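Undergrad: One structure follows; several queries about it will come next.
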Amino acid sequence: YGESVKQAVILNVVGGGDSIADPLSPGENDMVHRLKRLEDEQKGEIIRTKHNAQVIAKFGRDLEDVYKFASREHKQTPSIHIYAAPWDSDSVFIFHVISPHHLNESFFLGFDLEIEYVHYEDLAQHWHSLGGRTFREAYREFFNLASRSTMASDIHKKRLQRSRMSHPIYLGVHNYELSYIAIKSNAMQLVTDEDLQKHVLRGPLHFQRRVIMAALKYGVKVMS
Amino acid sequence: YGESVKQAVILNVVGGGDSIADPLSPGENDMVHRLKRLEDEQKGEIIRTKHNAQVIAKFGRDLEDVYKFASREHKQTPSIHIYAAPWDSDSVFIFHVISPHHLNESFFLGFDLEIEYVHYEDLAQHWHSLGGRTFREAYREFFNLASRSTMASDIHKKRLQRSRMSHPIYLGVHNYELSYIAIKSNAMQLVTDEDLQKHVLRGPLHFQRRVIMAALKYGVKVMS
Amino acid sequence: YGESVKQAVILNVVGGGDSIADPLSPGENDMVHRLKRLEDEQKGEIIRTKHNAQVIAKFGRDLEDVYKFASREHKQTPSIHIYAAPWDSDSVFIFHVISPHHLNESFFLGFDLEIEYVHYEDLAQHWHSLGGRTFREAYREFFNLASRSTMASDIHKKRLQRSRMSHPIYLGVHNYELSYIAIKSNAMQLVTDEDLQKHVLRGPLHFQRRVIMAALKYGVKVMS
């Protein structure tokens with residue numbers, strides 16, 4: 001039963017009430033932006049039309065009075081940068097999440113949906129004296145960990161290893177309305193909580209990539 | 001040649017003239033709904049604008065008369081519930097079609113596009129004295145029949161068997177404007193008529209899932 | 001570094017600034033057409049509304065004068081036809097590009113994204129006396145060349161061979177604003193220039209099929 005309501009809330013986010021595009025589709029991202037602009041303009045046009053109706057009605061009244069009178073006298077946000085792996089591009093991809101106001105505050109979130117694996121790493125740099133993997137390293141590491149899975153197909157492992165030594169494909173940026181700290185916590189919830197993870201990392205690829213974004217925006221509340 | 005016109009009519013349905021969303025994409029379903037609302041509002045705004053133009057013109061005329069006058073004196077529907085299999089989610093999915101006005105009138109339609117198999121079962125309950133598989137059973141049965149295909153890859157069969165003992169992923173509901181009896185007949189046409197079936201169960205996955213819905217709405221008329 | 005700007009310009013085309021639909025999705029093609037119509041109508045409605053505001057304001061002024069007056073006296077384009085292979089439909093597809101004003105001027109462009117292969121052939125007929133593969137042949141040939149790739153999976157080769165002897169699935173027509181000669185040159189640039197090709201034939205399938213169209217519209221300028 002518990003499963004029922006989980007599915008229901010998840011489904012409600014990625015249906016209406018959230019304009020989430022597939023992170024691997026810059027085209028769907030454009031389309032979602034275009035629908036939003038159209039909605040916003042249409043609201044504005046409704047306002048203008050009603051303004052014009054009111055001005056018109058007021059002039060009708062004034063016209064009546066002028067008739068009568070004459071008649072008498074007649075007589076910033078965290079940026080989520082998206083990269084697909086050069087192999088199995090639809091299933092293997094990486095987020096680079098950047099804090100808007102710290103030079104070196106960011107984290108990595110890597111996904112292999114073929115084996116349903118997610119890896120998080122903090123990339124922040126912090127100096128301490130009483131008074132830190134690079135992005136590339138995190139990328140390379142991620143392919144090693146994924147190729148480790150016993151669940152990984154022999155052929156899968158081979159493409160993971162080739163992606164590891166190749167350049168990823170940048171697909172652009174998402175910007176949602178939450179803090180660095182919140183998205184960071186969401187990302188870690190995604191990796192640490194096994195239940196949430198099993199609910200997010202499943203179903204048709206297109207839907208699951210949107211659900212991933214929903215999980216980034218809400219964490220466990222993606223099933224609230 | 002006959003093939004040509006078939007392709008043409010099929011293509012015409014899933015192009016314009018039918019707002020069919022991919023059943024496995026709640027996001028595309030939302031988008032199609034949003035485009036419809038925008039179209040509907042835009043028609044209404046066109047009407048309001050023209051109303052305002054007419055009222056304005058009428059006031060122009062009235063203003064003329066007032067000028068002249070003063071101048072003289074100057075001197076329900078079946079619900080299609082959609083579930084993806086937990087494995088091969090993009091290719092293996094199930095419809096539960098529910099009659100709007102009978103407590104226990106529904107049917108199952110299961111699809112495996114990897115092997116291009118479709119299975120129909122009536123789930124209705126009818127008592128008879130002169131005066132019936134459950135949904136779960138139909139689900140379990142479906143994976144058995146599919147794993148039977150000689151055409152099924154060894155690995156395919158294994159995931160079918162795992163899906164059989166796992167919980168499917170609900171992706172929501174479609175509601176089209178036809179009767180239970182008609183959609184039911186369409187579903188059976190889909191399974192019984194080999195020609196229609198070969199025309200519906202092919203091509204890129206996204207397109208084929210939309211064509212499936214078109215077939216549910218029109219049956220053989222999907223190629224008329 | 002050079003890679004960076006390439007990715008950036010590519011991404012800019014298939015983001016905004018170009019309404020490119022996935023060639024394998026007649027549904028997305030319809031949707032893109034619908035968004036365009038809505039945008040076009042909304043611009044027109046904005047114009048009508050402002051016209052009405054101006055007419056209204058002018059009538060307000062006129063009304064004032066009538067009040068005052070009364071008060072005193074008080075005392076063609078190349079067509080790109082799209083066909084998916086009957087097997088591996090999402091990855092194996094063919095363009096038939098037809099000149100608008102020559103009976104027998106067209107070319108073939110075949111793609112297998114599984115092995116990232118593109119094949120171009122001129123299908124034009126030209127008679128010469130001082131004073132030519134068919135479409136089918138080009139189709140059949142294409143599957144032979146693709147099944148030749150050493151990179152091709154054994155199973156891949158088998159489906160290529162079956163597609164070769166079967167009928168492709170027509171998915172419709174795209175029409176972009178360029179000449180036959182230009183698109184023809186673009187198509188050949190795509191096949192001859194190894195760099196462009198490596199930049200176009202990669203990433204998630206949906207994105208890569210859109211990038212292919214972008215390459216057809218711009219050639220090397222797709223990375224300018």
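All residue names refer to the structure tokens as shown: chains lettered A, B, ... in order, residues numbered from 1 in each chain, ligands numbered from 1 in order.
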Need the shell around range 33-37 of chain C: protein/DNA/RNA residues with any atom at most 8 Å away, counting only C-alpha atoms. Skip same-chain ones fewer than 3 positions apart. Format as a ChimeraX atom specification?

TA: /A:34-35 /B:35 /C:29-30,40-41

Undergrad: Could you take the residues named above and write them with N, CA and C atoms, as an mmCIF file, in the first residue's frame?

TA:
```
data_model
loop_
_atom_site.group_PDB
_atom_site.id
_atom_site.type_symbol
_atom_site.label_atom_id
_atom_site.label_comp_id
_atom_site.auth_asym_id
_atom_site.auth_seq_id
_atom_site.Cartn_x
_atom_site.Cartn_y
_atom_site.Cartn_z
ATOM 1 N N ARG A 34 9.404 27.598 -23.754
ATOM 2 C CA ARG A 34 8.526 28.262 -24.713
ATOM 3 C C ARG A 34 7.081 28.223 -24.236
ATOM 4 N N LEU A 35 6.667 27.087 -23.681
ATOM 5 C CA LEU A 35 5.336 26.948 -23.124
ATOM 6 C C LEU A 35 5.151 27.930 -21.964
ATOM 7 N N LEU B 35 -0.596 22.576 -24.138
ATOM 8 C CA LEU B 35 -0.794 23.109 -25.471
ATOM 9 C C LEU B 35 -2.290 23.253 -25.758
ATOM 10 N N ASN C 29 7.293 16.737 -34.040
ATOM 11 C CA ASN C 29 7.127 17.605 -35.206
ATOM 12 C C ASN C 29 5.792 18.354 -35.147
ATOM 13 N N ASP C 30 4.694 17.642 -34.812
ATOM 14 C CA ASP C 30 3.403 18.279 -34.657
ATOM 15 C C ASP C 30 3.477 19.349 -33.554
ATOM 16 N N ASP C 40 2.768 32.741 -33.171
ATOM 17 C CA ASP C 40 2.380 33.624 -34.266
ATOM 18 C C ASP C 40 1.043 34.313 -33.984
ATOM 19 N N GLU C 41 0.080 33.563 -33.441
ATOM 20 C CA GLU C 41 -1.226 34.089 -33.090
ATOM 21 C C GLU C 41 -1.113 35.083 -31.928
#
```

Undergrad: Counting only C-alpha atoms, which residues of chain A sit at most 6 Å from some atom of chain C, and what is each one's closest atom pair with its distance in Å to one decimal, listed by chain and rising residue number, as CSV?

TA:
```
residue,atom,partner,partner_atom,distance
A:26,CA,C:15,CA,5.4
A:27,CA,C:15,CA,5.6
A:30,CA,C:15,CA,5.6
A:66,CA,C:67,CA,5.9
A:70,CA,C:70,CA,5.9
A:73,CA,C:74,CA,5.7
A:89,CA,C:204,CA,4.8
A:90,CA,C:204,CA,4.7
```

Undergrad: Can you check which residues of range 114-215 of chain B DSSP gives as strand (DSSP E or B) on the backbone and send them as a VMD selection string?

TA: chain B and resid 117 to 122 169 to 175

Undergrad: Output N, CA, C and O atoms of each residue in that selection to a file, as a PDB file, in the first residue's frame.

TA:
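Dumped everything to part36.pdb:
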```pdb
ATOM      1  N   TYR B 117       5.113  -8.561 -29.103  1.00  0.00           N
ATOM      2  CA  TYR B 117       4.025  -9.402 -28.628  1.00  0.00           C
ATOM      3  C   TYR B 117       2.977  -8.545 -27.911  1.00  0.00           C
ATOM      4  O   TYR B 117       3.320  -7.651 -27.147  1.00  0.00           O
ATOM      5  N   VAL B 118       1.700  -8.837 -28.167  1.00  0.00           N
ATOM      6  CA  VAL B 118       0.594  -8.220 -27.453  1.00  0.00           C
ATOM      7  C   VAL B 118      -0.339  -9.321 -26.935  1.00  0.00           C
ATOM      8  O   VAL B 118      -0.751 -10.205 -27.690  1.00  0.00           O
ATOM      9  N   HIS B 119      -0.697  -9.220 -25.647  1.00  0.00           N
ATOM     10  CA  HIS B 119      -1.630 -10.130 -25.002  1.00  0.00           C
ATOM     11  C   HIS B 119      -2.799  -9.366 -24.378  1.00  0.00           C
ATOM     12  O   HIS B 119      -2.600  -8.415 -23.621  1.00  0.00           O
ATOM     13  N   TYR B 120      -4.012  -9.816 -24.700  1.00  0.00           N
ATOM     14  CA  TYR B 120      -5.274  -9.278 -24.213  1.00  0.00           C
ATOM     15  C   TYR B 120      -5.888 -10.291 -23.254  1.00  0.00           C
ATOM     16  O   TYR B 120      -5.941 -11.473 -23.579  1.00  0.00           O
ATOM     17  N   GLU B 121      -6.455  -9.810 -22.146  1.00  0.00           N
ATOM     18  CA  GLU B 121      -7.329 -10.663 -21.365  1.00  0.00           C
ATOM     19  C   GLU B 121      -8.482  -9.862 -20.768  1.00  0.00           C
ATOM     20  O   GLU B 121      -8.240  -8.787 -20.231  1.00  0.00           O
ATOM     21  N   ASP B 122      -9.706 -10.429 -20.829  1.00  0.00           N
ATOM     22  CA  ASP B 122     -10.878  -9.931 -20.125  1.00  0.00           C
ATOM     23  C   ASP B 122     -10.737 -10.269 -18.640  1.00  0.00           C
ATOM     24  O   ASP B 122     -10.357 -11.374 -18.280  1.00  0.00           O
ATOM     25  N   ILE B 169       5.417  -0.173 -12.380  1.00  0.00           N
ATOM     26  CA  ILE B 169       5.503   1.257 -12.135  1.00  0.00           C
ATOM     27  C   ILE B 169       4.284   1.928 -12.780  1.00  0.00           C
ATOM     28  O   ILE B 169       4.155   1.940 -14.001  1.00  0.00           O
ATOM     29  N   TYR B 170       3.430   2.547 -11.964  1.00  0.00           N
ATOM     30  CA  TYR B 170       2.257   3.218 -12.477  1.00  0.00           C
ATOM     31  C   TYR B 170       2.678   4.535 -13.129  1.00  0.00           C
ATOM     32  O   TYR B 170       3.327   5.351 -12.504  1.00  0.00           O
ATOM     33  N   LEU B 171       2.226   4.787 -14.351  1.00  0.00           N
ATOM     34  CA  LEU B 171       2.542   6.046 -15.021  1.00  0.00           C
ATOM     35  C   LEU B 171       1.311   6.912 -15.272  1.00  0.00           C
ATOM     36  O   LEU B 171       1.408   7.896 -16.025  1.00  0.00           O
ATOM     37  N   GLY B 172       0.150   6.524 -14.706  1.00  0.00           N
ATOM     38  CA  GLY B 172      -1.036   7.368 -14.842  1.00  0.00           C
ATOM     39  C   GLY B 172      -2.110   6.823 -15.784  1.00  0.00           C
ATOM     40  O   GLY B 172      -2.065   5.665 -16.200  1.00  0.00           O
ATOM     41  N   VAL B 173      -3.007   7.730 -16.198  1.00  0.00           N
ATOM     42  CA  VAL B 173      -4.267   7.437 -16.872  1.00  0.00           C
ATOM     43  C   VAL B 173      -4.414   8.262 -18.167  1.00  0.00           C
ATOM     44  O   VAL B 173      -4.033   9.418 -18.217  1.00  0.00           O
ATOM     45  N   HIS B 174      -4.895   7.624 -19.239  1.00  0.00           N
ATOM     46  CA  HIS B 174      -5.438   8.240 -20.447  1.00  0.00           C
ATOM     47  C   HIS B 174      -6.945   7.986 -20.531  1.00  0.00           C
ATOM     48  O   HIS B 174      -7.428   6.895 -20.182  1.00  0.00           O
ATOM     49  N   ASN B 175      -7.648   8.996 -21.047  1.00  0.00           N
ATOM     50  CA  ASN B 175      -9.096   9.016 -21.231  1.00  0.00           C
ATOM     51  C   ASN B 175      -9.393   9.540 -22.629  1.00  0.00           C
ATOM     52  O   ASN B 175      -9.151  10.721 -22.910  1.00  0.00           O
TER      53      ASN B 175
END
```

Undergrad: Near residue 178 in chain A, counting only C-alpha atoms, which residues have an atom at most 9 Å away, once you skip same-chain residues fewer than 6 positions from it, shown as number ranges by chain?

TA: A: 77-78, 217

Undergrad: Using the selection just defined, write its residues with N, CA, C and O atoms as a short mmCIF file (atom, residue, chain, number, x, y, z; two decimals), in the first residue's frame.

TA:
```cif
data_model
loop_
_atom_site.label_atom_id
_atom_site.label_comp_id
_atom_site.auth_asym_id
_atom_site.auth_seq_id
_atom_site.Cartn_x
_atom_site.Cartn_y
_atom_site.Cartn_z
N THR A 77 21.04 31.26 -8.29
CA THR A 77 20.62 29.90 -8.00
C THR A 77 21.78 28.94 -8.30
O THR A 77 22.63 29.23 -9.15
N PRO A 78 21.87 27.76 -7.64
CA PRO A 78 22.84 26.75 -8.06
C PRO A 78 22.58 26.28 -9.49
O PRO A 78 21.43 26.08 -9.90
N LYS A 217 15.18 18.40 -6.50
CA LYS A 217 14.46 19.57 -6.03
C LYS A 217 13.79 19.33 -4.68
O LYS A 217 13.51 20.30 -3.98
#
```

Undergrad: May I ask which of the residues C:23, C:100, C:132, C:168 is the closest one to residue 214 in chain C, counting only C-alpha atoms?

TA: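 Distance minimum relative to residue 214 in chain C lands on C:23.
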
Undergrad: Taking the chain letters and numbering used in this document, name the residues of chain B that DSSP puts in helix (DSSP H, G or I), as a PyMOL selection string.

TA: chain B and resi 2-14+26-72+135-146+154-164+180-192+194-200+205-223

Undergrad: I need the chosen residues saved as a compact mmCIF listing (two decimals), in the first residue's frame, with C-alpha atoms.

TA:
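Here's the written file part22.txt:
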```
# COMPACT_ATOMS: atom_id res chain seq x y z
CA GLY B 2 -1.35 -0.97 -50.22
CA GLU B 3 1.41 -0.49 -47.62
CA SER B 4 1.88 3.11 -48.83
CA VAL B 5 -1.63 4.31 -47.94
CA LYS B 6 -1.56 2.36 -44.65
CA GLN B 7 1.63 4.16 -43.60
CA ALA B 8 0.00 7.42 -44.77
CA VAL B 9 -3.19 7.16 -42.69
CA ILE B 10 -1.33 5.87 -39.60
CA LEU B 11 1.06 8.81 -39.97
CA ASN B 12 -1.82 11.26 -40.36
CA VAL B 13 -3.39 10.21 -37.03
CA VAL B 14 -0.19 10.47 -34.94
CA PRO B 26 3.67 11.65 -18.01
CA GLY B 27 5.74 14.71 -19.02
CA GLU B 28 4.60 14.63 -22.66
CA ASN B 29 1.04 14.05 -21.39
CA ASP B 30 1.31 17.23 -19.29
CA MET B 31 2.79 19.14 -22.29
CA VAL B 32 -0.02 18.02 -24.62
CA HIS B 33 -2.59 19.13 -21.98
CA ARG B 34 -0.81 22.52 -21.72
CA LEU B 35 -0.79 23.11 -25.47
CA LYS B 36 -4.51 22.31 -25.53
CA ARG B 37 -5.30 24.81 -22.71
CA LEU B 38 -3.22 27.50 -24.53
CA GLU B 39 -5.06 26.85 -27.82
CA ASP B 40 -8.44 27.05 -26.01
CA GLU B 41 -7.56 30.30 -24.21
CA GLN B 42 -6.22 31.87 -27.41
CA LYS B 43 -9.49 31.21 -29.24
CA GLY B 44 -11.33 32.88 -26.30
CA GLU B 45 -9.03 35.90 -26.39
CA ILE B 46 -9.60 36.32 -30.14
CA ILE B 47 -13.35 36.38 -29.36
CA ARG B 48 -12.91 39.00 -26.59
CA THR B 49 -10.72 41.28 -28.75
CA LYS B 50 -13.25 41.24 -31.60
CA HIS B 51 -16.09 41.90 -29.13
CA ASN B 52 -14.08 44.96 -27.92
CA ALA B 53 -13.46 46.11 -31.52
CA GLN B 54 -17.24 45.95 -32.23
CA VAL B 55 -18.23 47.82 -29.03
CA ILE B 56 -15.55 50.47 -29.86
CA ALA B 57 -16.85 50.92 -33.43
CA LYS B 58 -20.44 51.21 -32.18
CA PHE B 59 -19.31 53.92 -29.69
CA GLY B 60 -17.51 55.77 -32.56
CA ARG B 61 -20.85 55.89 -34.43
CA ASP B 62 -22.80 57.01 -31.34
CA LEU B 63 -20.15 59.71 -30.74
CA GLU B 64 -20.75 60.99 -34.30
CA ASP B 65 -24.52 61.28 -33.68
CA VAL B 66 -23.98 63.08 -30.35
CA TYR B 67 -21.60 65.45 -32.17
CA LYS B 68 -24.14 66.10 -34.95
CA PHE B 69 -27.09 66.49 -32.51
CA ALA B 70 -25.08 69.00 -30.44
CA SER B 71 -23.98 70.78 -33.64
CA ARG B 72 -27.54 71.50 -34.87
CA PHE B 135 -5.26 -8.08 -12.49
CA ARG B 136 -2.26 -9.60 -10.67
CA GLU B 137 -2.91 -13.03 -12.17
CA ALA B 138 -3.16 -11.50 -15.64
CA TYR B 139 0.13 -9.61 -15.00
CA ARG B 140 1.95 -12.78 -13.84
CA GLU B 141 0.48 -14.80 -16.72
CA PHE B 142 1.64 -12.18 -19.23
CA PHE B 143 5.33 -12.52 -18.30
CA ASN B 144 5.05 -16.33 -18.59
CA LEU B 145 3.57 -16.11 -22.10
CA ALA B 146 6.14 -13.52 -23.19
CA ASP B 154 17.92 -15.49 -23.20
CA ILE B 155 18.62 -12.28 -21.25
CA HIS B 156 15.20 -10.91 -22.22
CA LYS B 157 13.49 -14.01 -20.73
CA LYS B 158 15.40 -13.51 -17.47
CA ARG B 159 14.16 -9.94 -17.02
CA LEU B 160 10.61 -10.97 -17.95
CA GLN B 161 10.78 -13.55 -15.14
CA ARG B 162 12.10 -10.98 -12.65
CA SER B 163 9.39 -8.44 -13.67
CA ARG B 164 6.80 -11.17 -13.14
CA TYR B 180 -15.83 0.63 -23.16
CA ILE B 181 -17.32 -1.73 -25.79
CA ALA B 182 -15.54 0.11 -28.60
CA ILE B 183 -12.09 0.26 -26.94
CA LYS B 184 -12.52 -3.40 -25.96
CA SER B 185 -13.22 -4.35 -29.58
CA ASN B 186 -10.25 -2.22 -30.70
CA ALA B 187 -8.04 -4.04 -28.20
CA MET B 188 -9.15 -7.42 -29.54
CA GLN B 189 -8.82 -6.31 -33.18
CA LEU B 190 -5.21 -5.39 -32.22
CA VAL B 191 -4.51 -8.97 -31.02
CA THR B 192 -6.56 -10.99 -33.54
CA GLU B 194 -2.32 -10.05 -37.85
CA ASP B 195 -2.03 -7.33 -40.52
CA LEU B 196 -3.10 -4.41 -38.29
CA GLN B 197 -0.82 -5.80 -35.58
CA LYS B 198 2.21 -5.83 -37.93
CA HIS B 199 1.50 -2.23 -38.92
CA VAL B 200 1.11 -1.02 -35.30
CA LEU B 205 9.75 3.13 -29.70
CA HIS B 206 8.27 6.60 -29.04
CA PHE B 207 6.30 6.56 -32.30
CA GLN B 208 5.17 2.96 -31.86
CA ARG B 209 3.78 3.63 -28.34
CA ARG B 210 1.76 6.54 -29.79
CA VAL B 211 0.59 4.33 -32.67
CA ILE B 212 -0.57 1.78 -30.08
CA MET B 213 -2.80 4.44 -28.54
CA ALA B 214 -4.08 5.38 -32.01
CA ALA B 215 -4.94 1.70 -32.59
CA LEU B 216 -6.84 1.70 -29.28
CA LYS B 217 -8.90 4.68 -30.44
CA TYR B 218 -9.66 3.49 -33.97
CA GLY B 219 -8.82 -0.21 -34.41
CA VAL B 220 -8.47 -1.11 -38.11
CA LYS B 221 -9.62 2.44 -38.97
CA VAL B 222 -6.09 3.41 -37.86
CA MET B 223 -5.24 2.42 -41.49
```

Undergrad: Work out how far CA of residue 83 in chain C is from CA of residue 95 in chain C, in Å to one decimal.

TA: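 Those two atoms sit 6.4 Å apart.
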
Undergrad: Please provide the set of residues having any atom within 10 Å of residue 134 in chain A, restricted to only C-alpha atoms, with same-chain residues fewer than 6 positions apart removed, written as a ChimeraX atom specification.

TA: /A:107-108,122-125,140

Undergrad: Of the candidates C:130, C:24, C:115, C:152, which shows the shortest atom-to-atom distance to residue 93 in chain C, using only C-alpha atoms?

TA: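 Checking each candidate against residue 93 in chain C, we get C:24 as the closest.
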